[PDB]
Amino acid sequence: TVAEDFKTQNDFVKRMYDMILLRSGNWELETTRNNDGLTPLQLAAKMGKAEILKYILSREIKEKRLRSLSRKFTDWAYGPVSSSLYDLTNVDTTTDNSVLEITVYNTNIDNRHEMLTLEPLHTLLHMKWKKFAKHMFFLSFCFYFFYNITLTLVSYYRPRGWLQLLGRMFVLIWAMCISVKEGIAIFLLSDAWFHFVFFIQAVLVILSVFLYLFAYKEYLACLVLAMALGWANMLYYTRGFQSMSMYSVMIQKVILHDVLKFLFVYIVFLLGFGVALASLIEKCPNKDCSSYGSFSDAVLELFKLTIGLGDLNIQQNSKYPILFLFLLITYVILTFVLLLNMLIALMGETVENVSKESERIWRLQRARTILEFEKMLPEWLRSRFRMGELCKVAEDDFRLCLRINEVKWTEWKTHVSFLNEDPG
Amino acid sequence: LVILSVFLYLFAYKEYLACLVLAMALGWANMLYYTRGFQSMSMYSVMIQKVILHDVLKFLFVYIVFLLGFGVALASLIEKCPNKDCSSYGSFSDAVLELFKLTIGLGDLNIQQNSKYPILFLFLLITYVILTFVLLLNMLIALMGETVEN
Amino acid sequence: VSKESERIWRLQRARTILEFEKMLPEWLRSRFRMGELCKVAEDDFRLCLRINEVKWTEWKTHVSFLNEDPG
Ligand SMILES: COc1ncnc(OC)c1C(=O)Nc1nc(C(F)(F)F)c(-c2ccnc(C(C)(C)C#N)c2)s1
């Protein structure tokens with residue numbers, strides 16, 4: 001509980017941990033749980049104590065009589081090569097609250113970008129991934145892409161059972177099941193709003209098709225909005241590979257961080273300059289003789305001017321043409337300045353930490369997806385996957401383990417401890 | 001390409017100009033291999049080439065997906081005109097053309113596209129132009145912060 | 001930009017706070033009266049402003065304090 005971080009403590013608490021642990025030599029201390037139902041390992045997992053965690057997960061005790069207390073046994077070393085045999089007793093998500101499911105599902109610590117790089121956690125995520133999660137995730141991407149192309153074709157070929165029944169029933173069933181899935185996912189408590197938006201798009205599709213079946217011709221709006229939103233939601237599934245991961249997540253960073261506040265201030269610009277210009281206008285005796293007519297007209301022209309399609313004509317039937325021209329030049333200049341300010345905000349600030357934030361968000365979303373798929377599978381298939389092996393380390397321990405080969409040329413040591421004398 | 005074009009010119013197939021002009025363009029592009037010899041030209045040519053291959057291509061893919069989705073959306077929002085040319089977003093390819101011109105800044109924003117829900121159509125169009133603007137900004141950061149180091 | 005923005009904002013906030021400080025009457029200002037009382041000397045009882053802190057680096061046998069019983 002009191003272990004904070006090396007920069008503020010010099011990490012004596014890890015030393016005292018080792019001392020007190022191997023002094024009372026047994027699993028008495030690590031096995032008890034507190035009134036929150038957590039063990040010291042699970043506890044350091046619940047909080048964000050990375051140092052204590054990195055110690056407990058990979059703790060090697062090389063003394064003979066206390067070797068059974070370790071959670072990493074170099075069992076195979078021959079030279080600069082070696083095969084550390086980590087432990088997966090309460091880390092492998094096969095318990096109520098594992099260290100891994102805690103480290104991934106605890107979003108109120110804000111340090112996981114480091115904790116999910118620890119000794120067995122990182123490679124266990126990697127192994128679960130390459131075993132089943134890559135396959136299930138790519139399958140989900142393919143199903144969603146086909147559902148999206150079917151929404152697109154249904155939208156294009158709206159009525160101005162070949163095209164109607166097949167596609168409409170398929171989108172109905174897919175949308176209803178994914179909506180129930182996302183909704184029950186909401187009921188658990190830029191990280192996980194994709195549940196919100198997926199559920200919203202699915203309900204949009206289902207409402208659109210139900211209204212199409214019903215006596216309401218206002219279904220096309222819902223349908224086309226659902227299509228544009230599903231194509232937006234493809235952003236979730238383009239988190240996968242390194243290029244698309246970085247691309248999608250920095251697009252998200254732009255969209256949410258900066259362009260939104262830029263849009264807010266620009267809409268304030270629009271409101272103010274629109275009311276000003278429409279207040280400067282004079283009614284034409286040929287009212288269409290000046291495009292800045294009603295308020296909404298002026299706002300439209302100002303929009304087009306920002307994008308570069310409006311027209312600058314000094315004869316807007318003004319009463320003070322110089323002042324009106326001044327206000328209009330002011331608006332275009334200031335929105336130009338807001339464009340420049342946005343450019344600097346996204347070209348100087350994020351560019352430093354974009355590489356790191358992209359990677360940490362990629363990693364956290366991969367952890368969440370892997371652990372979610374892990375639940376989506378039945379007990380028998382999960383036991384059929386069962387990352388890790390068996391390994392004898394004590395008189396009779398035979399606790400699960402996870403081999404990790406390694407190579408280190410720096411620290412040469414006469415090997416003294418191993419499980420197998422002969423390297424396999 | 002050049003040899004096939006000139007052979008077809010000699011042959012009895014007068015659809016050769018396509019091959020010939022495309023070959024001239026491809027050669028003027030292959031001038032890159034020779035303008036990556038001199039030092040200033042080496043740096044210039046190869047940072048152009050790294051832009052082209054690294055980033056504008058993925059930008060083009062995602063922007064093509066933008067175009068396709070927004071084109072089918074807009075063309076599914078349109079209503080037939082009884083003066084069918086009374087709305088530029090007519091057939092699909094027409095809508096894609098206008099959306100391209102909007103991205104380069106040549107299209108026309110007229111709210112009266114013979115829509116049935118003009119507010120929603122205008123919303124989708126503003127969404128497309130804003131999102132392709134955002135893709136331009138994202139591309140700009142990807143080529144102005146990352147590559148500039150190495 | 002990151003540093004200049006914060007320094008100019010901090011200057012502005014200080015100016016606004018001290019501004020408002022004067023905009024209020026004497027009675028209300030005395031009703032605010034940041035700080036508390038505290039006895040340090042034989043009879044000092046000057047104003048003071050508590051600040052809790054946490055430092056794990058420098059361990060020292062504490063020798064000086066006003067209230068031996070920590071509250
Ligand atoms: C890759 O995306 C696509 N691929 C192919 N076709 C497409 O459109 C048909 C699309 C697409 O962008 N769809 C969209 N729908 C909507 C909505 F109106 F629901 F909000 C979009 C929207 C609107 C406003 N602010 C955002 C932010 C900035 C938060 C983001 N992000 C997103 S975007």
# chains A, B, ... in the order shown; residues from 1 in each chain; ligands from 1
>>> select_by_dssp(residues="stretch 16-62 of chain C", states="strand (DSSP E or B)", output="ChimeraX atom specification")
/C:36-38,46-48
>>> residues_near_ligand(ligand="ligand 1", cutoff="10 Å", atoms="only C-alpha atoms and all ligand atoms", output="VMD selection string")
(chain A and resid 148 to 149 152 197 200 to 201 224 to 236 238 248 251 to 260 263) or (chain B and resid 62 to 74 120 123 to 132 134)
>>> residues_around(residues="residue C:39", least_positions_apart="6", cutoff="8 Å", atoms="only C-alpha atoms", output="list in words")
residues 45, 46 and 66 of chain C
>>> atom_distance(atom1="atom CA of residue A:302", atom2="atom CA of residue B:106")
16.6 Å
>>> closest_atom_pairs(of="chain C", to="chain A", cutoff="10 Å", atoms="only C-alpha atoms", output="JSON lines")
{"residue": "C:1", "atom": "CA", "partner": "A:349", "partner_atom": "CA", "distance": 9.2}
{"residue": "C:2", "atom": "CA", "partner": "A:349", "partner_atom": "CA", "distance": 8.5}
{"residue": "C:54", "atom": "CA", "partner": "A:8", "partner_atom": "CA", "distance": 9.9}
{"residue": "C:55", "atom": "CA", "partner": "A:8", "partner_atom": "CA", "distance": 7.7}
{"residue": "C:56", "atom": "CA", "partner": "A:9", "partner_atom": "CA", "distance": 5.6}
{"residue": "C:57", "atom": "CA", "partner": "A:9", "partner_atom": "CA", "distance": 6.0}
{"residue": "C:58", "atom": "CA", "partner": "A:9", "partner_atom": "CA", "distance": 9.7}
>>> closest_atom_pairs(of="chain A", to="chain B", cutoff="6 Å", atoms="only C-alpha atoms", output="Markdown table")
| residue | atom | partner | partner_atom | distance |
| --- | --- | --- | --- | --- |
| A:155 | CA | B:76 | CA | 5.9 |
| A:156 | CA | B:76 | CA | 5.0 |
| A:224 | CA | B:73 | CA | 6.0 |
| A:347 | CA | B:141 | CA | 5.4 |
| A:351 | CA | B:145 | CA | 5.3 |
>>> select_by_dssp(residues="stretch 107-297 of chain A", states="alpha helix (DSSP H)", output="PyMOL selection string")
chain A and resi 112-115+119-128+134-156+165-186+194-213+219-237+242-253+259-280+295-297
>>> residues_around(residues="stretch 68-80 of chain A", least_positions_apart="6", cutoff="9 Å", atoms="only C-alpha atoms", output="count of residues only")
38
>>> residues_around(residues="residue A:136", least_positions_apart="4", cutoff="12 Å", atoms="only C-alpha atoms", output="short mmCIF file (atom, residue, chain, number, x, y, z; two decimals) with N, CA, C and O atoms, in the first residue's frame")
data_model
loop_
_atom_site.label_atom_id
_atom_site.label_comp_id
_atom_site.auth_asym_id
_atom_site.auth_seq_id
_atom_site.Cartn_x
_atom_site.Cartn_y
_atom_site.Cartn_z
N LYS A 128 -1.93 -15.56 -25.81
CA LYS A 128 -3.37 -15.63 -25.99
C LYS A 128 -3.78 -15.02 -27.32
O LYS A 128 -4.62 -15.57 -28.04
N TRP A 129 -3.15 -13.90 -27.68
CA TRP A 129 -3.43 -13.22 -28.94
C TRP A 129 -3.17 -14.16 -30.10
O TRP A 129 -4.12 -14.59 -30.76
N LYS A 130 -1.90 -14.54 -30.29
CA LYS A 130 -1.53 -15.37 -31.43
C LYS A 130 -2.21 -16.73 -31.41
O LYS A 130 -2.24 -17.40 -32.45
N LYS A 131 -2.75 -17.16 -30.28
CA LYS A 131 -3.42 -18.45 -30.26
C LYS A 131 -4.86 -18.34 -30.75
O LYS A 131 -5.26 -19.07 -31.66
N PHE A 132 -5.65 -17.44 -30.17
CA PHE A 132 -7.05 -17.34 -30.58
C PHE A 132 -7.56 -15.93 -30.82
O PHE A 132 -8.53 -15.77 -31.58
N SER A 140 -14.30 -11.03 -36.51
CA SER A 140 -15.25 -9.96 -36.18
C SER A 140 -15.12 -8.80 -37.15
O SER A 140 -16.13 -8.22 -37.57
N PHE A 141 -13.89 -8.46 -37.53
CA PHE A 141 -13.69 -7.39 -38.51
C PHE A 141 -14.33 -7.75 -39.84
O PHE A 141 -14.97 -6.91 -40.48
N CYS A 142 -14.15 -8.99 -40.29
CA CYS A 142 -14.71 -9.39 -41.57
C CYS A 142 -16.24 -9.37 -41.54
O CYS A 142 -16.88 -8.88 -42.48
N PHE A 143 -16.83 -9.90 -40.47
CA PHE A 143 -18.28 -9.87 -40.35
C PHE A 143 -18.81 -8.44 -40.34
O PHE A 143 -19.80 -8.14 -41.01
N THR A 369 -9.59 -6.38 -25.72
CA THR A 369 -10.21 -7.27 -26.70
C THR A 369 -9.85 -8.73 -26.43
O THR A 369 -10.70 -9.62 -26.54
N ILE A 370 -8.59 -9.00 -26.09
CA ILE A 370 -8.16 -10.36 -25.80
C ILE A 370 -8.92 -10.91 -24.60
O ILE A 370 -9.48 -12.01 -24.64
N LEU A 371 -8.96 -10.14 -23.51
CA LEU A 371 -9.64 -10.61 -22.31
C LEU A 371 -11.15 -10.70 -22.52
O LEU A 371 -11.82 -11.47 -21.83
N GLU A 372 -11.69 -9.94 -23.47
CA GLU A 372 -13.12 -10.02 -23.75
C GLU A 372 -13.45 -11.27 -24.55
O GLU A 372 -14.38 -12.01 -24.21
N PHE A 373 -12.70 -11.51 -25.63
CA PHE A 373 -12.84 -12.76 -26.36
C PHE A 373 -12.67 -13.96 -25.43
O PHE A 373 -13.39 -14.95 -25.55
N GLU A 374 -11.71 -13.87 -24.51
CA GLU A 374 -11.49 -14.95 -23.55
C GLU A 374 -12.77 -15.32 -22.81
O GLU A 374 -13.03 -16.50 -22.57
N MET A 376 -15.84 -14.67 -24.09
CA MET A 376 -16.85 -15.05 -25.07
C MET A 376 -16.82 -16.54 -25.40
O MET A 376 -17.74 -17.03 -26.05
N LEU A 377 -15.79 -17.26 -24.97
CA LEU A 377 -15.65 -18.66 -25.30
C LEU A 377 -16.17 -19.55 -24.19
O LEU A 377 -16.22 -19.15 -23.02
#
>>> atom_distance(atom1="atom CA of residue A:42", atom2="atom CA of residue A:364")
19.1 Å
>>> residues_around(residues="residue B:83", least_positions_apart="5", cutoff="12 Å", atoms="only C-alpha atoms", output="list in words")
residues 88, 90 and 114 of chain B
>>> atom_distance(atom1="atom CA of residue A:323", atom2="atom CA of residue A:273")
12.5 Å
